[PDB]
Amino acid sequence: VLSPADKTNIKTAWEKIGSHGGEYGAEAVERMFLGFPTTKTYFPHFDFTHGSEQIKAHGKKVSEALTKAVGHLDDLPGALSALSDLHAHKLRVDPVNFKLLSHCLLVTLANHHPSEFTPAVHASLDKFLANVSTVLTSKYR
């Protein structure tokens, strides 16, 4: 559950992403597949190779998704209903994999944005990603 402050901290942080977000999308996803290779299982029809264009495009999609999410933090189940229906209804993704990717988004943000990566932002972003995570793994429609 997000505090008013979490909501400040998240929007605030995310403005400070410039148009770089999608390059963080690709990298974290890469930290995932490389740090926890059981996660690839979900992408057997994909290019992985260091530098994949497919990974290039998928992270752009993932970041834009969290952009929309930061767009609507008081109503995330509504704002993400479709990704639920894909992740929870069709893909049936194990929520552990979401903790792994969240952690991997946390590790990437901390790579490129140290001066931004305050303990207070670290805690709010984690709660933002568990929330997003909770949403896409839940069957609620």
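Numbering starts at 1 and runs along the sequence shown.
Of the two stretches examined, 100-108 and 64-72, the record assigns the greater average C-alpha temperature factor to 64-72.
According to the PDB record, 111-119 carries the higher mean C-alpha B-factor of the two stretches 111-119 and 38-46. When the modelled residues of the chain are ordered by C-alpha B-factor, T134 sits in the lowest third. Among the modelled residues of its chain, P77 has a C-alpha B-factor that falls in the middle third, as given in the PDB entry.
Looking at the C-alpha B-factors along this chain, the one for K56 belongs to the highest third.
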